[PDB]
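Novice: Protein chains in written order, with the working numbering: chain A, 34 to 523; chain B, 411 to 901. No residue lacks a Cβ here, since even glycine has one placed at the ideal position from N, Cα and C. Just passing along the structure, written as structure tokens.
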Ligand code: HEM
Ligand code: HEM
Ligand SMILES: *Cc1c(COP(=O)(O)O)cnc(C)c1O
Ligand SMILES: *Cc1c(COP(=O)(O)O)cnc(C)c1O
């Protein structure tokens with residue numbers, strides 16, 4: 034017992050077949066009630082938002098639209114296929130109450146399934162590649178799903194693959210089923226019945242082009258089939274990452290790299306649910322395009338979305354160049370920034386992985402300069418063992434507003450006149466009390482030879498930044514940096 | 411400098427006609443098929459029923475949740491940020507290209523940075539250093555400049571986020587502080603929109619509403635309109651231990667000053683907070699909050715923040731008096747996104763001591779056992795520099811499925827028979843090619859004296875877990891093996 038995820042499709046559908054000839058149970062989109070019975074009803078009806086800036090930055094004549102799927106309950110487009118697959122299984126009588134659900138996944142399907150299982154009371158085991166983000170793990174574990182990892186770069190054939198291991202676990206566990214998002218008709222059917230109807234209804238039937246990145250392929254297949262039926266003039270454009278085999282012709286697929294950073298799209302095999310015949314043209318994207326463009330979606334359009342979305346738009350600005358005014362282009366945005374918090378959203382990760390060259394220029398004049406250009410003054414020291422009011426006496430008598438608290442030489446912190454006074458007036462501290470009650474413990478250290486941009490970073494975390502010997506030579510805050518930049522401004 | 415705690419000059423009192431109001435009120439509008447921009451995605455948040463947690467705690471009544479984490483920025487603050495901007499723009503106070511500086515818990519900061527991103531305003535955000543870094547990352551990605559202020563810095567002191575905000579405002583031309591603490595737009599947002607949604611969704615029938623308290627705009631704005639159109643509804647506020655907002659003052663007497671839950675509570679009474687429309691107050695703590703937020707997640711499938719957890723934690727107490735046919739609506743402010751590495755993280759919960767290791771009790775029988783109890787066997791080792799087909803030969807010859815690739819004796823990784831064969835059959839590698847092409851580089855090491863449950867954790871990150879001594883490998887374990895053992899011990 035193992036079923037091939039790459040096994041060729043037995044589906045007899047082809048363009049022009051009546052909705053009557055279909056053997057499948059179709060679900061019509063329904064109105065949402067005033068009060069939702071459970072969170073699973075919050076899946077679907079995702080908004081179609083206009084891309085106002087990015088489209089014109091690249092000179093698109095057409096209308097650039099984005100179907101934002103990260104507004105689903107689990108926060109990904111996978112929440113759709115997870116509910117549907119479950120619901121249908123329940124109708125088959127295959128999925129029984131208290132039963133175990135096992136799935137191989139990029140993790141979005143895993144999160145949608147763990148969510149639905151949490152609500153409906155199913156045990157859920159998720160098998161995902163080791164590449165996938167820990168944020169996904171935190172969300173899954175929080176939903177109460179059991180988690181197994183498989184090595185990325187492990188062939189889909191090998192016993193170590195996520196699909197293979199999923200099956201090996203299914204065989205060893207009683208009442209355990211694999212819904213199999215790669216072979217399940219529910220995956221593309223979810224999109225055929227719901228997502229496509231939504232895209233059409235929202236656009237009033239008028240649609241020139243659709244751009245979608247490709248995972249298992251249920252999204253692009255499901256959408257494209259119904260689009261080819263109800264809006265045949267629409268060009269279907271698929272997006273495949275460099276290193277995958279999904280794109281046509283095979284020539285586009287020839288590549289050096291095997292594994293890549295972008296999560297959720299591309300595979301080393303051709304999924305059953307994937308119908309490559311309805312994709313009019315394919316495009317290859319890379320990790321850099323994806324992360325640059327995703328960050329661009331966030332900063333420009335204010336859409337908090339994942340990397341695959343970035344690939345999708347990155348290709349969209351190219352593929353939609355042919356189009357001209359009055360025509361519209363729809364883009365699929367699969368998931369949210371939540372999964373990627375410590376990866377592409379993090380600057381340090383972008384650097385460490387070499388996507389952001391430090392060269393890539395946009396920063397102001399003051400960015401490169403020494404802190405020494407600021408004009409500081411060495412503040413008075415003090416012991417942690419001093420008493421509050423006494424420090425007031427020293428501060429006013431020396432005419433200082435703040436002192437760094439240094440140890441019998443470990444810098445312990447900072448105490449300021451204003452917070453001392455404020456703390457006393459509220460009765461929060463006594464003049465006989467230890468200074469450690471009101472002390473500011475958190476600060477960061479800098480060299481006089483450090484750059485102003487470094488300081489700009491440090492001040493995004495801490496309020497105080499002390500310039501110190503390689504002995505405090507000065508205390509710097511954002512306000513000082515402002516006083517400098519603005520003084521040098523006029 | 412204007413005080414955020416200055417008492418309200420508002421002449422509103424219950425029973426005043428809406429005609430007497432000096433304010434411009436904005437009615438909720440129908441969303442078009444295509445949204446002009448994402449800011450139109452703020453509001454119309456779903457009302458979801460709480461099916462499990464309410465009954466577990468024995469509520470006879472209907473427990474409803476207003477999920478505010480579905481807003482564009484992902485918090486209830488996205489509402490006050492748009493509103494505060496729009497009114498300012500209508501005032502002519504806010505001009506294009508101007509700078510907006512705001513003190514915030516960071517959700518207001520995110521809604522404002524988002525709105526600034528769409529409408530093209532420079533955005534400077536001032537937040538306490540306590541607040542989560544996820545917020546910093548989202549803000550920075552949105553193109554906002556970030557300034558931090560020491561937590562425990564009194565709201566009066568110049569080092570406070572409000573004070574620093576003002577000092578920034580004074581030194582920068584064309585810079586405005588929209589001031590969520592004094593701005594009428596904040597509670598008006600909730601009066602006009604949030605409360606209308608709550609009413610329409612509940613069909614005017616509402617017995618109780620529970621809401622946590624930040625600046626106080628949510629509860630104030632909701633409560634005013636609720637007292638007007640649904641007088642039977644009780645307003646219940648939630649304040650964290652260490653805050654001064656709750657009434658009477660007796661509730662506020664406490665040891666601690668600062669707390670872990672983000673977004674709620676303050677050391678001052680904001681102008682926008684109307685404490686007269688709050689029928690009763692409740693004090694909450696961090697443990698209650700995180701326990702209940704995690705509970706919302708695991709039970710209800712609502713991915714929400716800590717304040718939501720506080721709100722529900724109080725809700726299960728305050729709503730006991732209610733009985734069947736009555737409903738209680740709860741405000742769930744924001745999402746798990748800001749808290750990814752904090753309360754959602756088990757290690758952080760342990761490190762801060764919210765998850766006692768006692769509450770090991772819920773875990774199965776095999777959980778406390780030694781890993782060595784699995785019955786392993788030290789596998790054959792190979793060089794990283796060995797050749798593919800050779801490894802195939804040794805592997806078949808000894809009947810091993812895999813060999814750890816380890817001279818210095820540091821384990822470099824893992825090689826398996828099936829993946830090699832598959833790799834060759836696909837033509838990705840030659841029989842003469844080196845093992846490094848197909849090697850699995852990522853693995854983790856465990857001790858024989860570690861628990862099986864620890865291993866269960868390890869297997870959530872990695873596929874291979876090698877049992878080694880302090881670098882001699884005595885065995886290789888995957889999740890499948892742990893399963894084989896437990897299930898063997900089951901028959
Ligand atoms: C025009 C109506 C359609 C007809 C008449 C049709 C017919 C069929 C039949 C009879 C099968 C079962 C094959 C077998 O086991 O022998 C099948 C398979 C399948 N269909 Fe359809 N189908 C239709 C539409 C669709 C659409 C629109 C989609 C996608 C949204 C879809 C998705 C699938 C999938 C994923 C399978 C997997 C079968 C396998 O395991 O090979 N079908 N189709
Ligand atoms: C008939 C109803 C109301 C009347 C007659 C009224 C009247 C007023 C007036 C005259 C002010 C003075 C503005 C100023 O001093 O700058 C004010 C302030 C204010 N009002 Fe109202 N108001 C009404 C309802 C509301 C409602 C329903 C809310 C909230 C949902 C609200 C929130 C505020 C806030 C936050 C202020 C700021 C006051 C300050 O600067 O301290 N008002 N109101
Ligand atoms: C699954 C997924 C996709 C691909 O969608 P398919 O319908 O599989 O083509 C894209 N992005 C993310 C993040 C996904 O989880
Ligand atoms: C602002 C905020 C609140 C408090 O809402 P108010 O309207 O200020 O009472 C609660 N939780 C979070 C996360 C917040 O950002």
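(1) Hey, which unbroken runs of the beta strand (DSSP E) at 3 residues or more fall wholly within the stretch 419-482 of chain A?
(2) Are residue 473 of chain A and residue 562 of chain B close, meaning C-beta to C-beta below 9 angstroms?
(3) How many Å lie between residue 712 of chain B and residue 480 of chain B at the Cα?
(4) Please work out which residues of its chain come closer than 7 angstroms, Cβ to Cβ, to residue 527 of chain B, disregarding the five sequence neighbours upstream and downstream, and give them in chain order.
(5) Quick check on the DSSP output: the beta strand (DSSP E) that includes residue 884 of chain B runs from which residue to which?
(6) Put residue 181 of chain A into one of helix, strand or coil per three-state DSSP.
(7) Do the stretch 116-134 of chain A and the stretch 229-249 of chain A meet, that is, are 3 or more Cβ pairs less than 8 angstroms apart?
(8) Looking only at its own chain, which residues have a Cβ that is under 6 angstroms from the Cβ of residue 164 of chain A, when we skip the five neighbours before and after it?
(9) May I have all residues whose beta carbon comes closer than 5 angstroms to any heavy atom of ligand 2, sorted in chain order?
(10) Should residue 458 of chain A go down as buried or exposed, given a rule of 16 or more other Cβ atoms within 10 Å for buried?
(11) Taking beta-carbon pairs under 7 angstroms, can you tell me which members of the stretch 489-521 of chain A lie near chain E?
(12) Can you give me, in chain order, the residues of the stretch 751-770 of chain B that have a beta carbon less than 9 angstroms from any beta carbon in chain A?
(13) For the beta strand (DSSP E) containing residue 96 of chain A, list its first residue and its last residue.
(14) At least one CB of chain A closer than 9 angstroms to the CB of residue 569 of chain B: is that the case?
(15) Tell me which residues share the same chain as residue 199 of chain A and place their Cβ nearer than 7 angstroms to its Cβ, disregarding the 5 neighbours each side in the sequence.
(16) Per the DSSP calculation, residue 365 of chain A is bridged to which residue(s)?
(17) Report yes if the C-beta of residue 216 of chain A is less than 8 angstroms from at least one heavy atom of ligand 5; otherwise report no.
(18) Is it the case that the stretch 720-732 of chain B contacts the stretch 452-471 of chain B, given that we only count it when at least three CB pairs across the two stretches are under 8 angstroms?
(19) I'd like to know if residue 146 of chain A contacts chain B, where contact means its C-beta is closer than 9 angstroms to some C-beta of that chain.
(20) If the cut is a Cβ gap below 8 angstroms, which residues of chain A does residue 444 of chain B touch?
(21) Tell me which residues share the same chain as residue 447 of chain B and place their Cβ nearer than 6 angstroms to its Cβ, disregarding the 5 neighbours each side in the sequence.
(22) By Cβ distance below 6 angstroms, which residues in the same chain neighbour residue 887 of chain B in space, the five residues on each side in sequence not counted?
(23) If you scan the stretch 319-397 of chain A from start to end, which runs of the alpha helix (DSSP H) of 4 or more residues do you find wholly inside it?
(24) So, helix, strand or coil for residue 490 of chain A, using DSSP?
(25) If we count the other Cβ atoms within 10 Å of its Cβ and call it buried at 16 or more, is residue 450 of chain B buried or exposed?
(26) Taking Cβ to Cβ, would you say residue 718 of chain B is nearer than 9 angstroms to residue 740 of chain B?
(27) For residue 207 of chain A, verify whether its CB is less than 8 angstroms away from any heavy atom of ligand 3.
(28) I'd like the list of long-range same chain contacts for residue 865 of chain B, defined as Cβ closer than 8 angstroms, with 5 residues on each side in sequence excluded.
(29) In terms of alpha-carbon separation, which member of A:209, A:218, A:380, A:60 lies closest to residue 550 of chain B?
(30) Which parts of the stretch 150-234 of chain A are runs of the beta strand (DSSP E), unbroken and 3 residues or longer, counting only runs that do not cross its ends?
(31) Using a Cβ-Cβ cut-off of 9 angstroms, state whether residue 645 of chain B counts as contacting chain A.
(32) DSSP on residue 692 of chain B, reduced to helix/strand/coil?
(33) Between which two residues does the alpha helix (DSSP H) containing residue 255 of chain A stretch?
(34) Measure the alpha-carbon distance for residue 378 of chain A versus residue 384 of chain A and round it to whole angstroms.
(35) So is residue 838 of chain B in contact with chain A if we call contact Cβ pairs under 9 angstroms?
(36) For the stretch 362-375 of chain A, which residues have a CB atom closer than 9 angstroms to at least one CB atom of chain B, in sequence order?
Specialist: In short:
(1) Uninterrupted beta strand (DSSP E) stretches at least 3 residues long and entirely within the stretch 419-482 of chain A occur at 435-439, 444-449, 477-479, given in chain order.
(2) Position 440 of the first chain holds residue 473 of chain A. Position 152 of the second chain holds residue 562 of chain B. Contact: yes.
(3) The residue you call residue 712 of chain B lines up with position 302 of the second chain. The residue you call residue 480 of chain B lines up with position 70 of the second chain. Spanning the two alpha carbons is a distance of roughly 11 angstroms.
(4) For the purposes of this step, residue 527 of chain B is identified with residue 117 of the second chain, where counting begins at 1. Spatial neighbours of residue 527 of chain B in its own chain (CB-CB distance under 7 angstroms, excluding positions within 5 residues in sequence) are listed in chain order as 552, 553.
(5) Residue mapping note: residue 884 of chain B aligns to position 474 of the second chain, counting from 1. Where residue 884 of chain B is concerned, the enclosing beta strand (DSSP E) stretches over 882-887.
(6) What you label residue 181 of chain A is simply residue 148 of the first chain in a count that begins at 1. Residue 181 of chain A: strand per DSSP, three-state reduction.
(7) Proximity of the stretch 116-134 of chain A to the stretch 229-249 of chain A falls short of the contact definition, fewer than three beta-carbon pairs being nearer than 8 angstroms.
(8) Taking the first residue of the first chain as 1, we reach residue 164 of chain A at position 131. Cβ contact annotation for residue 164 of chain A (same chain, cutoff 6 angstroms, sequence separation greater than five): 185, in chain order.
(9) Chain order is used for the residues whose beta-carbon lies nearer than 5 angstroms to a heavy atom of ligand 2, namely B:418, B:419, B:420, B:421, B:422, B:426, B:430, B:431, B:432, B:594, B:597, B:598, B:601, B:631, B:634, B:681, B:682.
(10) Locating residue 458 of chain A in the first chain gives position 425, counting from the first residue. With fewer than 16 Cβ atoms within 10 Å of its Cβ, residue 458 of chain A is classed as exposed.
(11) Considering every chain present, this structure includes no chain E. Its protein chains are A and B.
(12) Hits within the stretch, in order: 751, 754, 755, 756.
(13) Your numbering for residue 96 of chain A matches position 63 in the first chain. Counting along the chain, the beta strand (DSSP E) containing residue 96 of chain A begins and ends at 96-101.
(14) Taking the second chain and counting its residues from 1, one reaches residue 569 of chain B at position 159. Yes, because at least one Cβ of chain A sits closer than 9 angstroms to the Cβ of residue 569 of chain B.
(15) The residue you call residue 199 of chain A lines up with position 166 of the first chain. For residue 199 of chain A, same chain residues with a beta-carbon under 7 angstroms away, outside a window of 5 residues either side, are 135, 136, 137, 160, 211 in chain order.
(16) Counting from one through the first chain, the residue named residue 365 of chain A turns up at place 332. Answer is A:100.
(17) Annotation note on ligand 5: not contained in the displayed structure, which lists ligand 1, ligand 2, ligand 3 and ligand 4 as its ligands.
(18) Proximity of the stretch 452-471 of chain B to the stretch 720-732 of chain B meets the contact definition, three or more beta-carbon pairs being nearer than 8 angstroms.
(19) Here residue 146 of chain A refers to the residue found at position 113 of the first chain. Against chain B, the CB of residue 146 of chain A has no partner CB under 9 angstroms away; the residue lies outside that interface.
(20) Position 34 of the second chain, counting from 1, holds the residue named residue 444 of chain B. Per Cβ cutoff of 8 angstroms: 81, 82, 83, 98, 235, 236.
(21) Residue 447 of chain B sits at position 37 when you count from the first residue of the second chain. Closer than 6 angstroms at Cβ, skipping near neighbours: 528.
(22) In the second chain, counting from the first residue as 1, residue 887 of chain B sits at position 477. Its chain contains 875 as the residues whose beta carbon lies nearer than 6 angstroms to that of residue 887 of chain B, once the 5 sequence neighbours on both sides are disregarded; these appear in chain order.
(23) DSSP runs (the alpha helix (DSSP H)) wholly in the stretch 319-397 of chain A: 320-329, 340-352, 380-385.
(24) Residue 490 of chain A sits at position 457 when you count from the first residue of the first chain. Assignment of residue 490 of chain A by DSSP, reduced to helix, strand and coil, places it in the helix class.
(25) The sequence position of residue 450 of chain B within the second chain is 40, counting from 1. That one is buried.
(26) For the purposes of this step, residue 718 of chain B is taken as residue 308 along the second chain, with counting starting at 1. For the purposes of this step, residue 740 of chain B is taken as residue 330 along the second chain, with counting starting at 1. If you check the CB distance, residue 718 of chain B and residue 740 of chain B come in under 9 angstroms.
(27) Here residue 207 of chain A corresponds to residue number 174 of the first chain, with the count starting at 1. Residue 207 of chain A Cβ: outside cutoff for every heavy atom of ligand 3.
(28) By one-based count along the second chain, residue 865 of chain B stands at place 455. If we look at residue 865 of chain B and ignore the five residues flanking it on each side, its Cβ neighbours are 781, 856, 875, 887, 892.
(29) Along the second chain, read from residue 1 onward, the residue named residue 550 of chain B stands at position 140. The residue with the shortest Cα to Cα distance from residue 550 of chain B is A:380.
(30) Positions of the beta strand (DSSP E) runs, each at least 3 residues long and wholly inside the stretch 150-234 of chain A, are given as 156-162, 179-183, 209-211 in order along the chain.
(31) Translated into the one-based positions of the second chain, residue 645 of chain B becomes position 235. Taking Cβ atoms only, chain A never reaches closer than 9 angstroms to residue 645 of chain B, which makes this a no.
(32) On the second chain, position 282 is the one that residue 692 of chain B refers to. Reduced to three states, the DSSP call for residue 692 of chain B is strand.
(33) Here residue 255 of chain A is taken as the residue at index 222 of the first chain, counted from 1. Element bounds for residue 255 of chain A: 251-263.
(34) Along the first chain, read from residue 1 onward, the residue named residue 378 of chain A stands at position 345. Along the first chain, read from residue 1 onward, the residue named residue 384 of chain A stands at position 351. The straight-line gap separating the alpha-carbon atoms of residue 378 of chain A and residue 384 of chain A is approximately 11 angstroms.
(35) In the second chain, counting from the first residue as 1, residue 838 of chain B sits at position 428. At least one C-beta of chain A is nearer than 9 angstroms to the C-beta of residue 838 of chain B.
(36) Within the stretch 362-375 of chain A, the residues whose Cβ lies closer than 9 angstroms to some Cβ of chain B are 369, 370, 371, 374, 375, listed in chain order.
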